[PDB]
Every structure is written in C-alpha cells, then in structure tokens.
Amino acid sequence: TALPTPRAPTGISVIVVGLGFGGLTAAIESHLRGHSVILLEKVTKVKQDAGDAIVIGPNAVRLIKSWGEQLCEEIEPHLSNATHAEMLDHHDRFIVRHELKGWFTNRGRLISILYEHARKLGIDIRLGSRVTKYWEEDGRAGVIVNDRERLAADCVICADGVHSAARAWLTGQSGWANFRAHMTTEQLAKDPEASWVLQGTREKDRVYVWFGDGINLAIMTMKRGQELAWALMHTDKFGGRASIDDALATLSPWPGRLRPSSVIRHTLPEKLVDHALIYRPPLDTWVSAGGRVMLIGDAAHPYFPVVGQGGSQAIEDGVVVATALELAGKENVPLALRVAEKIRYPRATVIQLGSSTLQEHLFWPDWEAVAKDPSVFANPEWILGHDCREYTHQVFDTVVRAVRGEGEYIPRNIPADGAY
C-alpha cells in the first residue's frame, strides 16, 4: 500500500520536538501505531543544501520502506551512483579502496520527502514553533512554543539535535569542527592542477577521502561531474564564520596537499560553512525524573561522524519509542519510555563509544599496522541486519519485568563482548 492506514486510536497523545531524522520517525511511526501526534519544529522550511550528502544504512532503509511503497520511487533520482571510495593518506598516497543495500543521497532532499509523506498521512506538523521551557507534572508533560503558547501531552519526545535545550533541562548540568561546501566544476575544469578530480566523472560519481595528522577530508563528485561537494573535519577551529583560507591553511602542513587544495580553493564564499562539532559522553539516563520526557537521537547520543549511523540510530530510537508506547498502553506511558530506554541505550552507546575510538584510529592512524593490513582501515552485520521493531516485540515483556525489577535482561541487539 502506497499510504498505509494507522492503527486504531490508542488514546496516547505525543508531542515530538524536531523535524530531523529522530523527530520525523517518531511522529510517523507513532501516527501509524495509533498515537495522537503533534510535531514542533523551529525552522519554517526544510533546509536544502546540495553539499550535505549522507549515508543511510539498510537497518534504517527497511524501516522507512515500511511507511509506504512509493518512498523508494521518490528517493531513486537522488541516490548517488557512486560505488567505491578511494582512501589516501596525508601524503596523497593510496591506502585502500572501500565499498560505498543503503542510501547514499542528500539530507535535505530525504527530509523533504519524509516531511511531505508525513503530511500525506495527515500528521499535525507545525513549523516555525520554537520549543523551550519544558515542564512535567503527574500524568502529563509539555513545552512552551514561541514563549506564548503552552502545550501538554502524555509524553514529550525530544529530538532537537546536538544543541538540545531539553538535554540541558533534563540533566540540569570538544574542539572539533567540520568544513562543508558545494560547488559547480566549471571554473575548476579550467585549472590543470585541479581538473584531475573530474576524471571518469561522467561515467559515475567518484569519492576521495584523505586521512592523517588529525585531519579528514572527503571529496564527492555529483551530476556527471558537473558538481562536487567536500567536507573537512579538523581541530583548527579558532556568531558564525567560515573562510576558505582557514580550510587551505588546515591542509598546508600535509605533504600531499597539492591535489586536494587545488580543488577546494575554487569554493565560492557563500557556499562554505564551518560548524563546530559537539560530542558528549553517554548520559546516565534519557528519561526525566517524572518519566514522561525522553531524549532521542543526537540529543541523547551524539556520534563522531565516522560510523555512518547517527541518522539510522535516531530512526531506530523513534521506532522503538512508538512501539513501546503502543505495547504499554495509555496507563503505562512512563513504563513505555523506560522500556524503550533499556532497549535502545546499549545499542546506541556501543556505537557511540565505537565512533570515539574509531575517531582516533582515523585521524592519527598507526601507519605500520595499516601497512600490514589496510582492509581494517576503511559496518558489521549486527548493526546493518538488525530489525529494531521485531526485536522490540520479542523482548518487550522481558524488558518490562526487568524495569519493574521482576527479572533480568540480557541485551542481544548488541554483540556479546562487543565494543563496536
């Protein structure tokens, strides 16, 4: 069915904050499971950036496809035809060639498709609604919208990103930045020191990633070589500000700076951003003291962008929350959030800690171990082949007994003796 009908009304009212991957998933899955949903987002429109490429893992694709058959046909023209990424070191020397189902596509174009699909389902989405001043009573929780309107519900699902005000409220208590840019390759094609990046681009999109000396640079061609995007993770970050001279100065110490610098120096000033990255250690809890406010997504577990699972885990967060609310019922909303936390926390934390350790291995690699084995340098099956919704149905009763103290719970959505 291109438009699935929701289950019978469960009587549970849910307030979702954020139009990201966590918020949209929480709203869509909750609506289809019978919950009464309102989604609050501060922006007036989904931001569209041609240089914001993202990878969605198969564990999240299968969840998205279950919301409607047509969604695959909508994303198909926006999927990259790139198949492999060429990995080089900071001397511009080849290391290994890595692959990359899965969706390698544009962020804003995928959010727009999911947002339009949510409106076709009849979900109450309210843009231009800035949320703050979270509050909680016995039996209800809520927010304040635009400092003029009070809203209340059975629970509040906070997916407001890394800069979460809800996390600051719930808790009460890094130096990394990321350049990102998009460009058209007309002027770059006239530079012989930079025209190399257009080689074989009409055939398919090419991906180049450089690692070393605390810097990561990725260059991705698009549209038969007519456009390219790039991203640069670094610790040289000094209102907002972005300058191409800072990106070039970051690459200056590299012995193999010539080929990458010759490309990115053609970036137009108005198409370059330099955002600070936010990482925090795993939280003690995602659920408020009263039990009716819960953090999901980046608000609960920000990752280092090297695992390609931040959006997928935010999607898994929203599906499990909506599933636990359906299985618990109206009179056990606090139990539902505690159950979803105990299911999700081990899986999201293993990946969170895995991104921090993998971050060290990629920005300051042990080149002697990489020389003897580069295939390790470049995601396992316990992540990609997982079905969060079926696992939640399988262990829900066991987790309820563990939350109420009746029994034990062994998490099996993570590998035994598992680091990442």
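The first residue of the shown sequence is 1; numbering continues from there.
A.B. asks: Are any deposited residues left out of the model between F238 and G239, and how many (none, 1 to 3, 4 to 9, 10 or more)?
C.D. replies: Missing in between: 4 to 9 residues.
A.B. asks: Our gap detector needs a label for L100 to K101. Which class matches the unmodelled residues of the deposited sequence there: none, 1 to 3, 4 to 9, or 10 or more?
C.D. replies: Gap between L100 and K101: 4 to 9 residues without coordinates.
A.B. asks: Taking the recorded C-alpha temperature factors, which stretch has the higher mean, 23 to 31 or 358 to 366?
C.D. replies: Here the higher of the two C-alpha B-factor means belongs to 358 to 366.
A.B. asks: Comparing 141 to 149 with 207 to 215, which has the greater mean CA B-factor as deposited?
C.D. replies: Mean B over CA atoms: larger for 141 to 149.
A.B. asks: Using the temperature factors in the entry, find which of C72, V131, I343, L327 has the highest value at its Cα atom.
C.D. replies: Checking the PDB record, the top C-alpha B-factor among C72, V131, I343, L327 is at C72.
A.B. asks: For the listed residues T250, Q309, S261, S174, which one has the largest C-alpha B-factor as given in the deposited model?
C.D. replies: Answer for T250, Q309, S261, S174: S174, with the highest C-alpha B-factor.
A.B. asks: Where does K47 sit by CA temperature factor within its chain: lowest, middle or highest third?
C.D. replies: For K47, the deposited C-alpha B-factor lands in the highest third.
A.B. asks: Please rank the C-alpha B-factors of the chain's modelled residues and tell me whether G297 sits in the lowest, middle or highest third.
C.D. replies: Within its chain, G297 is a lowest-third residue by C-alpha B-factor, going by the deposited values.
A.B. asks: Test of reading the entry: by CA B factor among the chain's modelled residues, which third contains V16?
C.D. replies: It belongs to the lowest third of the chain when residues are ordered by C-alpha B-factor.
A.B. asks: Test of reading the entry: by CA B factor among the chain's modelled residues, which third contains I64?
C.D. replies: As the PDB entry reports it, the C-alpha B-factor of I64 lands in the middle third of its chain.
A.B. asks: Compared with the other modelled residues in the chain, in which third is the CA B-factor of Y279?
C.D. replies: Within its chain, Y279 is a highest-third residue by C-alpha B-factor, going by the deposited values.
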